[PDB]
Structure formats: structure tokens, C-alpha cells
Amino acid sequence: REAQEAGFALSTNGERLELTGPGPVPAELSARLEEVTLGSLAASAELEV
Amino acid sequence: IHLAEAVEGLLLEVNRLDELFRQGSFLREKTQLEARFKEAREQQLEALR
Amino acid sequence: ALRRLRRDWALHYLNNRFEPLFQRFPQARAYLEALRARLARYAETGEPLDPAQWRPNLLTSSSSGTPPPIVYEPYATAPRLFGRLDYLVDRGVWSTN
């Protein structure tokens, strides 16, 4: 929702997430993408434990 | 015994460090650093082009 | 530069965690500084930290001094007197902590 605000599509390729857009992704949007990726990995580990 | 307990806390602080590295501010700093490097590279090869 | 940034952020975060422990254990300043450096290097390089290699070896429990530590060693062998540095053999390689 916060990515399409800047005009980007959140493509989910397996476990990985990418932003497909007409231009380069913003720094904060890339930071949020990396944050949710790391959080998803941490949440999988937390689910296991 | 208090020193042993404190060291146990410090050894568990590895997970705290990992979560900090998954936090917002650190990832913003990381993405800004990578954006600066990527912008420098892009300027370099576009000057070459 | 990413390694430097992770190192700096880890050191800044661990400073506020180690200052209370630096004040509570001023005698352990060197060991606590070494442990903080190890934590920062783990945060930077991702090298895993073995807890058994950085735990403080509490040799014997504290004694109240009344009665004092009274140790009768009927068999004055070298290991039972001076202790022993145990070793672990992993895949044929000797190592211990």
C-alpha cells in the first residue's frame, strides 16, 4: 500500500520481494522492503521456535 | 554469580543486535549508503557512455 | 562500508548495555571490553559467537569465610591439585575453551 503510493508494484517471487516500477525505487521504500524481508525471515524463525 | 548472569545477558544480546539490524533506522542508513554508492556508480558509467 | 556501519551501530547500541555493567563490575573492565568487541565483531562479520567460549569460568563457588575453604586432598595428583585443562576432539582436531 505504501509502495503503490509512489507508483510501484510489489512482486512476490517465492520468499523474495521486489519493487517493479517505471523508475528507480526510493531509498525509504527500499529500506521498508528490506525491513519486511528481514522481518519475514525473523517471523519464520519465531514461528519455528 | 552476578557477573555470570550479566554475561549470559550479553551473550543473548546477539538476538538484540540482529533485531536492531532489522530495525527501521539502521536499514534507512544502510539503504542511503547503498544509494550513494549506486548513484556514484551510475554517474560513472553514464559519463563513460 | 556496510561492515563499518554495522560495527558502529552495534558499538553504539552495546555502549548503553555495557556502561551499567562497566560500573557494576569495574574489575571486569578488560573482560567486558573484550566481550563487547567480540559482540561487535559478530555483528559486523556475522561470525557466530560460541557462548561456551566467552562464559566466565566460575571455578569454585564463593566462600563466606566462616568456615574457611578447607580442602583436604588425600591424593596429591597433578590434575586433582592444580586442576586440569580439558580438551575436546572434533573430527580429529583438538580444541578447548
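Residues numbered from 1 in each chain as written, not as in the entry; some residues may be left out. Chains lettered and ligands numbered in written order. Part of a larger assembly, values for the part shown. Heavy atoms only, no water.

Asker: So what's going on with the nonpolar core? Residues and values would help.
Answerer: Of all hydrophobic cores here, the largest spans 25 residues; its most connected members are B:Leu10, B:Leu17, C:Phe18, C:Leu32 and C:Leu39. At the level of secondary structure, the elements contributing two or more residues to this core comprise α1 (2-21) and α2 (24-48) of chain B together with α1 (2-24) and α2 (29-45) of chain C. When near neighbours in sequence (up to four residues on either side) are disregarded, C:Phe18 contacts B:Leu10, C:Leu32, C:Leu35, C:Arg36 and C:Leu39. One finds A:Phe8, A:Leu19, A:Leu29 and A:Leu33 within the second-largest nonpolar core, a separate group that totals 6 residues. (Core = buried A, V, L, I, M, F, W, Y, C linked by side-chain atoms within 4.5 Å. Buried < 20%, exposed > 50% of the residue type's maximum accessible area, 1.4 Å probe, protein only. Helix = DSSP H or I, 4+ residues; strand = E, 2+ residues; numbered from the N terminus. Contact = heavy atoms within 4.5 Å.)

Asker: Before we move on, could you go through the interface of chain B and chain A and cite the residues and values that matter?
Answerer: Many authors give the size of an interface as the accessible area that is lost as the parts come together. Each partner contributes to the interface: chain B provides 6 residues, whereas chain A provides 7 residues. Area buried by chain B at its contact with chain A is led by B:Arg22, B:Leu27 and B:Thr31, which between them contribute 68% of it. Here chain B and chain A share 0 salt bridges between them. Counting across the chain B and chain A interface gives 0 residue pairs in polar contact. It is α2(B) that contributes the most residues to the side of chain B that touches chain A, 4 residues altogether. For the side of chain B that touches chain A, a count of residues per class yields 2 nonpolar, 2 polar and 2 charged. (Buried area = accessible area lost by both parts, 1.4 Å probe. Salt bridge = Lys/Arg side-chain N within 4 Å of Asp/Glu carboxyl O. Polar contact = N/O pair within 3.5 Å; in protein donor to acceptor, adjacent residues only side chain to side chain. Nonpolar A, V, L, I, M, F, W, Y, C, P; charged D, E, K, R; others polar.)

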